[PDB]
Structures are given as C-alpha cells and as structure tokens.
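The structure's right below; bear with me while I get my questions together.
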Amino acid sequence: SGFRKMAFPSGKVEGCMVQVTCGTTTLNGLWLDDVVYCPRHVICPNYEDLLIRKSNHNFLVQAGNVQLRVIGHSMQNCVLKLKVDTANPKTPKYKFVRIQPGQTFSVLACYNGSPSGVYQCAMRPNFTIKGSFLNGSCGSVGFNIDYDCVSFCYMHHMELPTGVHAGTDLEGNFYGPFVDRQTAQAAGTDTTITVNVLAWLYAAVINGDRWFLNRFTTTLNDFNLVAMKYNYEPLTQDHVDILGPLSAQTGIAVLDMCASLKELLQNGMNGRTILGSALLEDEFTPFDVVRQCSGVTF
Amino acid sequence: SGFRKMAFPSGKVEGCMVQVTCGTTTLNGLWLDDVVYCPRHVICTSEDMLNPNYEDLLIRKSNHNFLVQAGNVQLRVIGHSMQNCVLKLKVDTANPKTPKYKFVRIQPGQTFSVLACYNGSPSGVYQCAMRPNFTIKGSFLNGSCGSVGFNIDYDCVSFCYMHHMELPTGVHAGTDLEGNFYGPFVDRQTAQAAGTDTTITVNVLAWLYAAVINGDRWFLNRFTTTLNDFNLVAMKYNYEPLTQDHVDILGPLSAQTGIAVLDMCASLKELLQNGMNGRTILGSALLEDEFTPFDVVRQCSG
Ligand SMILES: COC(=O)NC[C@@]1(C(=O)Nc2cncc3ccccc23)CCOc2ccc(Cl)cc21
Ligand SMILES: [Cl-]
C-alpha cells in the first residue's frame, strides 16, 4: 500500500553528469560515449557566430576531479556537442526520445556537474515543466528507464517569469514556443492532464479510497463538454483505450470514472481528500500507476 | 524558483542493493564493505510470524542456507550474526561500490529518501518523513522488505531506515540500521496499530517560509502569538507541540524573510481557522509537513 510521486533510480544518469565551463558561464553537461551534450547558451544571439570564435581549449569539461580534453565541437539546434578524447566508461544503454505533453519523467537536478536531487514531473500541456531549479541548474536532464535502457527526453535551459521551466529534447529542439534568448517570453495558459487525473483516481481505488465513486456513467462527448469548461485537456478514445487495464482491474469503466471526475469538478471534494490530496493530481500517467501498483524494477 | 518534493540521487545506494533468500522467503539486503544487512524476519516461515523466536530459528541456520545475489553474481556467506531486528551476513567479497557512509538514528519529523526495491533490484525513489507516530507513509508492496531510507551530506550516505512491515492502515514500520525499531513496533504479525498521527508543526512553518521566499505572502497577518497560545490552538487541529528548539531551528528562515517565528505561528493559526478559500500555497491546497527547516534552506539556497 501507499502512493508516492516516484522517480526512477538516478544512478545510470549520475555517472554521466559533468561540469561545462566556457568563459564566465558554468553549467551541466551529459557525457555519453565520447560526446558531452549541454545547452548552447554556455557560449553566450548568433550562436553559429559566437561558436565560430571558440576553440576546443576554451571549453573546460570536468568529470569529478578529472579534466576531459575537448577535441571537437558542433551545434545541433539548441544543443552544443563537445567531442571529448575519452569515452565515458559508465555510459549506460540509452536512447534520445522526444516526449508529448502529459508524459512524465525524472529530473536529476545538478549544480557544477554534481547531482543534488531527483524529482518526478510532467511535461505540461503548455510545454513547460513545474520544476525546482536554481542558477547553475542549466543542462540538468529529464529521463525515463525501460528495463535497462535510459531514455533521455529533456535538458533544462531556462526559467520563465512565472517560476516555471523551459528546455529542449536531447536533439536541441525546444518543447513549446520558447527560444534560448533573454527576451519577453511567457508560458501559455495551462490545462489539467485529464487522462492522468483518471489514472490517479484508479490508483486511489486500488489503494482503498472509493468515496468519490458513483453509480453513473457518461458519454465521451458529454464528458469533454464539461472538461473543456474546467480547463481540462480533451479525453480521446486513445486515452480511454490506454486506461483499459486499470478499468479491468478495478471493475470501473473509464466513462464510469469520468462521471466521478465530472461530479468532483462540479461539486468539489467537500472536505474530503483522495490519496492524501485535496486537489486532483495530474502528474501520474496510466503507465506510472500500473508500474507503482505492481513494483516493476530496473 | 519552484518547490518540489525532492529525493537525493539514489546511485550510491543502488550499488549496495542485493537479494537475500533464505528458504522460501526472498527480500532486499544492503551490502556495505563485506557485510549484508537485512531484516531478521528473512529466517521466518508460515507459522512463525506470530511469535518467532529468532534466536532459536537462527541457531538452526548455517552460512550456506543464506543465498545472497548481487546482480547476476552469487556472494558467499562466511558468517552471520543478529543485532536487534537486523541480520548481518558476513560475505567473502567487499562491495567495490561501497560509498562513504554512516548509520544514523533519526527523530520524528526528519525526512529521508527511500529507494524502493524488489528482488535486490531498485524500482523507484521517493522522499518521505518519519511521522510523529513513528510510522512512514511509504509506497511498498510485498517483497520490498529490506528497502532503505537515507540522506546524502555532500558525499556521505547516512542510512537511517530499513523497511520491515506494513501495518493495517497501509502505513509502514521499520528499524534504523542497528535493527532498533522506530516506534512501539515488533517484527511479529501480532495485532499492532499505529498511534494517532499528528502534523509536524515545525515542518509546516518551514514550508510557509519556503512560500515567502518564492514570493507568496497572501497568508500572512498583522498578528503575533505567544508560544503557549499557539500550542493551545495547534493541539486542537492535531498538530505537534512547537518547542523552543523548533523556534530556534527556524531562526535562519525568520532572519532571511524578516518574519519572526511567532508572527509566522500567528499566520499558521489563521490558516487552520479559515482554510485556504480556493487558494494554494506552493501548488498545494493542504499544509505540507514533509519538508524540514534544513530541506527548505537546501532547496531554496543550495
Ligand atoms: C516472513 O514474513 C514476512 O516476510 N513478513 C512480511 C510482513 C509485511 O508486513 N510485509 C510487507 C511489507 N511492506 C509492505 C507490504 C505490502 C503488502 C503486503 C506485505 C507487505 C507480512 C505481514 O506481516 C508481517 C508482520 C511483521 C513483519 Cl516485521 C513483517 C510482516
Ligand atoms: Cl533527526
């Protein structure tokens, strides 16, 4: 029993964190095989003009108490790739994956190439992450683990004026309409990840929290008319299919659980909580719920 | 900016997780130097958990009865001893991944990271607190026994908890790494119940200062309070008494924000009275009590 916001074990990623310094800027890098990946703003904007003026020895790369020698450099979108002479012996099995809004991942927050904390978070529908970052956290990475393969999905680049964060995938493509430049940027209006709230309601049922259940059902269209009114993302037939296993395990049809969600949105919780929370949690996917309520290991 | 429930990076602990099997029971062990630490109930069977005599069950065991697996490698057990509710298996190989470590016993209200494991394999990491009733609100399934709680100060891992059991309310009970249980619990399946739980007041105050540091002041008021009047009010909402030690511990956060501890206490009294009125504090509609004053300073400053 119990339901916590759980992150993946960070060990395979800790063995890849390095410190990258260029001039007066110090941030974090990801050392995989013989390449160090980091935000291109470390050179700071005409990046392939600021970069032309740089030589290999301008980039100081530190892996623990060891200096790595930079033997090459190239830019891919908003990521700088520093070719180093030494392949990382702790390089895990890995892939670079681009995630969709609503998908969750673990973040290993780092300062000076040293990991300080690990937390779980979700890519918001407005493409920002509600992270916990300070100056020097740039280059910190987001990831998932499947069996023994680390899927790198995020690299931190900046904080927006509302305190939320913006970054890229590991190929340097930003999530959202953001640019790596000090300019007037703002996160768009955010919405609640409906499929994730439903998954968390199934996790509550599995944990013996059933007060919100009711005898009612609803249509997908009727539910989306209500959900669009409460700034909730539309629920697609794909989400309904993804929730199938949890529906079969608990005996509560997905549209049966949607009628619970509609009543919670129109009437509130009335002094009651669900899994120790007075708000509807949207940062657990259906897969996160199945993984935690079955104990999958890595 | 931002305030998350943050766990310590688990890598230094992952490299210590092993699988311990004795008979038909399989659970997790912590391999540090040439010793594997695990719950002593790994020697118990079906009609054993009500009233086990661990000294009697252990005297019948030989070193080769304990199967220890580190990854795809079998470790050879060359000795065994019991220290309180922990079994210590001496092995023939020192763990080359042994980090710098200490065994520390924590007090209620202290937080720590848990690396949840099954079959010596880590599955997840989460942050939690030792409740005032000495239980932890963890996320554990059957086979997670032997999973550990820890903190990391610079490069030293402080092991503070080992998981042993789930109580009937879904909460968890365990020991420190010397096998002394936290709370009035025993490693027996006899009828046991967690005492009435309370809110960790010093932690709620620390989290209110974290909200001020991140720019939120909506909950402050022009009032102050005496420590005694605050405690008379706090007890009525099932909050732990706030001691002078707690007031001294909050000193740095009070100095940083310019809000005296007893002024913040007056604001907490008002929140308890009014509720949040559709608002949140740091993305939460409930008062958070699983961040210590030390966690707040670490996450907001470094
Ligand atoms: C050989 O005996 C065991 O292995 N006993 C484990 C056991 C226990 O609580 N295991 C579990 C621990 N944590 C989460 C759990 C989630 C669901 C189910 C079991 C869980 C079994 C039940 O009663 C006792 C009594 C005392 C003690 Cl110290 C341990 C236990
Ligand atoms: Cl302590």
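Both counts, for ligands and for their atoms, begin at 1 and track the order of listing. Chain A is the first sequence line, chain B the second, and so forth, proteins listed ahead of strands; every chain is numbered from 1.
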Legend entry - Nearest neighbour in protein (non-hydrogen) for atom 13 (N) of ligand 1: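 Residue, atom and distance for the closest contact: B:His163 NE2, 2.6 Å.
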Legend entry - Salt-bridge criterion met for B:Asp295 and B:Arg298 (N-O under 4.0 Å):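 No, this pair does not count.
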Legend entry - atom 3 (C) of ligand 1: nearest protein contact (heavy atom, Å): B:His41 ND1, 3.6 Å
Legend entry - Verify atom 7 (C) of ligand 1: protein non-hydrogen atom under 4.0 angstrom away: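 Given the 4.0 Å limit, the answer for atom 7 (C) of ligand 1 is no, no protein heavy atom qualifies.
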Legend entry - B:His164 N/O to ligand 1 N/O under 3.5 Å: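 There is no such contact.
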Legend entry - Residue portion contacting ligand 1 (non-hydrogen atoms closer than 4.0 Å) for B:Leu141: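 Contact part for B:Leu141 vs ligand 1: backbone (N, CA, C, O).
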Inset, instruction - Among all protein heavy atoms, pick the one closest to atom 17 (C) of ligand 1 and tell me residue, atom and distance. - result: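 For this ligand atom, the closest protein heavy atom is B:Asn142 N, 3.8 Å.
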Legend entry - B:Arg188 neighbourhood, listing ligand 1 atoms whose heavy-atom distance to it stays under 4.0 Å: 25 (C), 26 (C)
Legend entry - By salt bridge (charged side-chain N to carboxylate O under 4.0 Å, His left out) - contacts of B:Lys102 (at least two apart):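 Scan of B:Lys102 (salt bridge (charged side-chain N to carboxylate O under 4.0 Å, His left out), adjacent residues dropped) gives none.
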Legend entry - Closest approach of any protein heavy atom to atom 30 (C) of ligand 1, naming residue and atom: B:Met165 CB, 4.0 Å
Legend entry - Nearest protein heavy atom with distance in Å, relative to atom 10 (N) of ligand 1: B:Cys145 SG, 3.9 Å
Legend entry - Nearest option to atom 1 (C) of ligand 1, as decided by whichever heavy atom of B:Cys22, B:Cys85, B:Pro39, B:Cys44 sits closest: B:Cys44
Legend entry - A:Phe284/A:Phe3 aromatic ring centres below 6.0 Å: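 Yes, close enough.
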Inset, instruction - With salt bridge (charged side-chain N to carboxylate O under 4.0 Å, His left out) as the test, would you mind laying out the steps for B:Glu178 and B:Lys88 before giving the verdict? - result: CA-CA 10 Å; B:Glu178 300 194 284; B:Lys88 296 192 284 187; over 6 Å; no
Legend entry - Closest to atom 16 (C) of ligand 1 among B:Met49, B:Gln192, B:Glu166 (heavy-atom distance):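 Ranked by closest heavy atom to atom 16 (C) of ligand 1, first place is B:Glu166.
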Inset, instruction - For the pair B:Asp155 and B:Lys12, find out whether any cationic side-chain nitrogen is under 4.0 Å from an anionic carboxylate oxygen. - result: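 Here B:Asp155 pairs with B:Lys12 in a salt bridge, since their nearest N and O are under 4.0 Å apart.
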Inset, instruction - Establish, for the pair B:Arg131 and B:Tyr182, whether the NZ or CZ atom is under 6.0 angstrom from the six-membered ring centre and no further than 45 degrees off its axis. - result: no
Inset, instruction - Establish, from distance only, whether the side-chain atoms of A:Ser277 and A:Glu281 form a donor-acceptor pair under 3.5 Å. - result: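 Absent: no donor and acceptor within the cut-off.
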Legend entry - B:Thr45 versus B:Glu47, side-chain donor and acceptor atoms under 3.5 Å: yes
Inset, instruction - Around atom 22 (C) of ligand 1, find the nearest protein heavy atom and jot down its residue, atom name and distance. - result: B:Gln189 NE2, 3.5 Å
